[PDB]
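Each chain, written out:
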Amino acid sequence: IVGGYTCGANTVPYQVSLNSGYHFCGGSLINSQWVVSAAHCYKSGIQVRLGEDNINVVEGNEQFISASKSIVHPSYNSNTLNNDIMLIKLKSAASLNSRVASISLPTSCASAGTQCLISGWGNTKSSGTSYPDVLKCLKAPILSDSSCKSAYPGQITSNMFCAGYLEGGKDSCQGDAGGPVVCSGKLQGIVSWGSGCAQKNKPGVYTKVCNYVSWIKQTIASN
Amino acid sequence: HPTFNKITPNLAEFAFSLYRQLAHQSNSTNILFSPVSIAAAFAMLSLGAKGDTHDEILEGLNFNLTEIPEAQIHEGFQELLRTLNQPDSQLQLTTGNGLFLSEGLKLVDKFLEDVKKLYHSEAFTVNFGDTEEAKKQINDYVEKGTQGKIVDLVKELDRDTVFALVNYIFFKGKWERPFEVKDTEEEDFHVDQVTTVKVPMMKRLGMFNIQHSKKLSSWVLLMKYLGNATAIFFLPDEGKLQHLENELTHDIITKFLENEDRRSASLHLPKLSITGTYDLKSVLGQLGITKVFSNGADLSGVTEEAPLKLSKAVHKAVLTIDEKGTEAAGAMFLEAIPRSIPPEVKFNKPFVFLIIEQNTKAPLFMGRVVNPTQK
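What counts as what
- Residues numbered from 1 in each chain as written, not as in the entry; some residues may be left out.
- Chains lettered and ligands numbered in written order.
- Heavy atoms only, no water.
- Residues with missing side-chain atoms left out of burial classes, pairs and counts.
- UniProt positions renumbered as here; feature names shortened; annotations may be inferred.
- Buried < 20%, exposed > 50% of the residue type's maximum accessible area, 1.4 Å probe, protein only.
- Helix = DSSP H or I, 4+ residues; strand = E, 2+ residues; numbered from the N terminus.
- Contact = heavy atoms within 4.5 Å.
- Domains from an automatic or database assignment.
- Nonpolar A, V, L, I, M, F, W, Y, C, P; charged D, E, K, R; others polar.
- Buried area = accessible area lost by both parts, 1.4 Å probe.
- Salt bridge = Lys/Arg side-chain N within 4 Å of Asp/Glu carboxyl O.
- Polar contact = N/O pair within 3.5 Å; in protein donor to acceptor, adjacent residues only side chain to side chain.
- Pairing = 2+ DSSP bridges.
- Axes fitted to C-alpha atoms, helices over the stretch in contact; angles between N-to-C directions.
- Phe/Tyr/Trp six-rings, centres within 6.5 Å; stacked < 30°, edge-to-face > 60°.

Determination of this PDB entry was carried out by X-ray crystallography to a resolution of 2.30 Å, according to the record.

As annotated in the PDB entry, chain B is Alpha-1-antitrypsin precursor from Homo sapiens. Under Sequence similarities, UniProt gives the following word-for-word description of chain B: "Belongs to the serpin family."

Under the PDB entry, the name given to chain A is Trypsinogen, cationic precursor, and the source organism is Bos taurus. Looking at chain A in UniProt, the text filed under Subunit is "Interacts with SERPINA1." Regarding chain A, the UniProt comment filed under Subcellular location reads as follows: "Secreted, Extracellular space".

Take a look at the structure:
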């Protein structure tokens, strides 16, 4: 997250870190046994870390659970990143508490202007690299379809939406993918891609979660 | 009939034969040579050869005389060399030949005509009677030819030398998508498992035509040059250099040149100024081309006055790679990148590479970098 702020330990209880010897992507806990993330983050042997703040030092509230299943959306295009969504089933159910809680799914899509919260342990520099130890937060609005399509001609589908600031300086970045975009307690988006980080006229692009609620529930039932 | 169909598949096999010969001698030497440059030079020479001397040359360059007419071979090299000599090319690649025969020899006119029209090359007369002046003269030619890039190419001339051939090539391309000089840093380069050297390492986070091949046990990277040329690098996994050098085929290399899909990666590629100098008599001789270098050599196509054989033949290749590329220091070079942590692919250990001409797909260069900081 670039241009954001330190959230504060466990203030974003549904945020999880996907680990394979190190943090490489984020994800969102939707129920005690399932995590929503990005398809391009797919990897085998993933260890889901919950209740985290400082991903490097032991603080006492984390629950490390292996991924028994990692289901990528059947229509995921690795070149256009269309349908960039993935479901991960924990080998065992997580112990829900105040530091580890699930975020609910949207019942209707959010409109342009909707104000949301984006978080992650991604790079915090618009130029160069600096990975944080603690979770970062950013308040950001969903942008109009007009501005999104204008910012990325012929690159945005109906399963995507932009959020952030056209002026730059505030954005998600490498390491935040899979992470959440929550608006009024609803997971409306997943960090997916963007041209650079916090660059002018280059806002972040996010997977439009509301288009997959049906697929998510159907997948959870069949697994 | 496109140039490709006339010589490329053949140049590829030649490239592999010469490479493997050098790679089988040592696994720790740097290698750099031009398949194109060397083959063109001897295809040109075959114009003055006859009998088995002539057949042995072309068959030594991996050309089957009973499958493609000699005219096709020469027309191919003519077309390719023609394109590489274009004063107006963004590639900025210069290659040439040096034909030196003892003064006093009545030369065959047909030969000198073909060498000029087909291979855009020239012949020169020198008095080998004085080994030192002859040497200074030959080096003077390469000196003027490479505009100072290659000095004192030849260091020894046998007393009875009557004919010597010099072949050289120099290349320094500019990338379509450059590296920021500001991001270049000194980094460890693992010559082997227990030895490292510091080398300037260019690096950039972006979308690259890069991927790991389980078949070659290597990461494969393709970088397009501004100027219709492509560089492809093979980074073998630990201890798999010999495996890689052994599994390379024209089909496998072609497979990579056909695929354009890219993926995010934080690439670290070393900056480098490398060279290669070879005694073609020793090298080509191991590839079966020995008669044109023997006492029973038939070069009556070059001269009919008296017997003649190639006394000396040397190839010199020079390649430079740095951050320089296109002009657009800004958002122009802003690519759409997925936001997961991208793999950090480092070319920090021995690797193999080739530089392929864009239109003909001919192998301009083939080499191996074991130690980028030492000859």
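More follows now that the structure is in view.
Chemist: Explain helix α3 (residues 51-60) of chain B to me, please; I cannot follow it from the model alone.
Modeler: Every α-helix winds through 3.6 residues per turn, so residues three or four apart in the chain are directed the same way. Residue and element names in this part refer to chain B. Within α3, burial applies to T53, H54, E56, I57, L58 and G60. Buried residues along α3 sit against α1 (3-25), α2 (35-45) and α4 (70-84). Immediately downstream of α3, the backbone of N62 shows phi near 70°, a positive value.

Chemist: Got a minute to help me understand the domain arrangement of chain B in this structure?
Modeler: Note: interface size is frequently given as the accessible area lost on complex formation between the parts. Residue and element names in this part refer to chain B. Domain parsing of chain B yields domain 1 (4-175 + 271-339) and domain 2 (176-270 + 340-375). When each unit is reduced to the centre of its C-alpha atoms, the spacing between domain 1 and domain 2 is 26 Å. Each side of the interface is counted separately: domain 1 has 49 residues, and domain 2 has 53 residues. Per-element tally for the side of domain 1 that touches domain 2: the top contributor is α1, with ten residues. A breakdown of the residues in the side of domain 1 that touches domain 2 according to their chemical character gives 29 nonpolar, eleven polar and nine charged.

Chemist: Looking at this structure, how should I read the domain arrangement of chain A?
Modeler: All names here are of chain A. Under the domain assignment, chain A is made up of domain 1 (1-12 + 103-210) and domain 2 (13-102 + 211-223). On a C-alpha basis, the centroid separation for the pair domain 1 and domain 2 is 17 Å. At the boundary of domain 1 with domain 2, total buried surface from both sides reaches about 2,900 Å², with 55% on carbon and sulfur atoms. Three residues stand out in domain 1 for area buried against domain 2, namely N10, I103 and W121, and they jointly supply 26% of the buried area on that side. At the junction of domain 1 and domain 2, the tally comes to zero salt bridges. Counting the contacts that link domain 1 with domain 2 gives 23 residue pairs in polar contact. For the side of domain 1 that touches domain 2, the secondary-structure elements that each account for two or more residues are β8 (115-120), β11 (180-183), β12 (186-195) and β13 (204-208). With five residues, the single largest contributor to the side of domain 1 that touches domain 2 is β12. For the side of domain 1 that touches domain 2, the class distribution of residues is 21 nonpolar, 14 polar and three charged.

Chemist: Sorry if this is basic, but what is going on with the sheet that holds strand β3 (residues 122-126) of chain B here?
Modeler: Strands pair in a sheet through their backbones, by hydrogen bonds, and they do so in one of two ways: parallel or antiparallel. Residues and elements named next belong to chain B. Within the open sheet, the five strands sit side by side as β3-β2-β4-β12-β11. Their pairing is mixed. Two strands lie at the open edges of the sheet, namely β3 and β11 (272-279), each paired on one side alone. Here the strands of the sheet are splayed against their neighbours by 15° on average, with no regard to which way each runs. Strand direction decides the pairing type here: strand β4 (residues 163-172) and strand β12 (residues 312-321), joined by nine bridges, are parallel.

Chemist: I keep staring at the packing of aromatic side chains and nothing clicks. Help me out?
Modeler: Pairs of aromatic rings are described using the distance from one ring centre to the other and the angle between the two planes. Residue and element names in this part refer to chain B. On inspection of all chains with the given rule, the structure shows 18 aromatic pairs over all chains. A centroid spacing of 6.5 Å and a plane angle of 55° characterise the contact between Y141 and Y168, whose relative ring orientation is tilted. Residue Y141 is found in helix α6 (residues 131-145), and its partner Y168 is found in strand β4; the two are separated by 27 residues along the sequence. Each member of the pair, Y141 together with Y168, is buried. Three or more aromatic residues link up through ring pairs in this structure, and these residues are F100, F124, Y141 and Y168.

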